[PDB]
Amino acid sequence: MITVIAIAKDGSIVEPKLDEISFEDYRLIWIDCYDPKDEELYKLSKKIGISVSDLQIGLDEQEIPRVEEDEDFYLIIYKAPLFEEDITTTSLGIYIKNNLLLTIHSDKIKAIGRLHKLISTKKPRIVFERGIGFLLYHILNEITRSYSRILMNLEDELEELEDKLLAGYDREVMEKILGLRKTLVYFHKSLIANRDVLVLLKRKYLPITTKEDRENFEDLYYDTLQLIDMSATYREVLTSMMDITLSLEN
């Protein structure tokens, strides 16, 4: 059971990377902590003044998306897609403590690795000095893009499947239909939960959020809403096709 315990750190102007650190030298900080060994986990607690119990939360990929508010910090449970023999969702914890943003998760969140890969491929130029409603914002924006993307390929799958119905009565069809129903269930439930996290973020006045960031989450809120309607529409599609392979046999 390879457990990576990968941690990815960032900072002020511009283009930093580090581990055992000050972060008073930095405008903001993104520590992406990926699925830590029990030893590197405390390594983090020591560091950021965020306790492991408080942290162990954002590590439970079954945690319901939400926002918990300041003790020393802010917690946002968010849902990201989880890609496996069947696609699913999974929960990233995100803790914002003053100038530090942490992502903490059990499964890799492709949205994160993209920024990371991008971020390491990205020049000194791009301005995050707006950040940490901003950073958080992109993190959700990206995860969203993940959803948006999967839904786009799913609508792709629905199209092939529709002509594959000309075969009918098919063992494989019902099995793939449902598999797709499954993902669609995970999403709809998650984008709605995430929608409910977005709801607060586009509205609630927060130290972490500025108006400009608050502007974003309304976009992201309505985008997510886009994704929720679709999840449901693809669902409607699925049951209808489910109606066909039933009439064809079972």
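One-based numbering along the sequence shown.
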Of 189 to 197 vs 208 to 216, the stretch with the larger average CA B-factor in the entry is 208 to 216
Mean Cα B factor from the PDB record: higher for 198 to 206, or higher for 219 to 227?
198 to 206
Could you check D86, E159, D107, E142 and tell me which one carries the biggest Cα B-factor in the deposited entry?
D86
Of the residues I94, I132, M152, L82, the one carrying the largest Cα B-factor as recorded:
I132
Split the chain's modelled residues into thirds by Cα B-factor; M242 lands in the middle
Based on the deposited C-alpha B factors for this chain, I'd like to know if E40 is in the lowest, middle or highest third.
highest
What third of the chain, by the recorded C-alpha B-factor, contains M174?
middle
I50 - Cα temperature factor, lowest/middle/highest third of chain:
middle
Going by the recorded CA B-factors, say which third of the chain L102 sits in, lowest, middle or highest.
middle
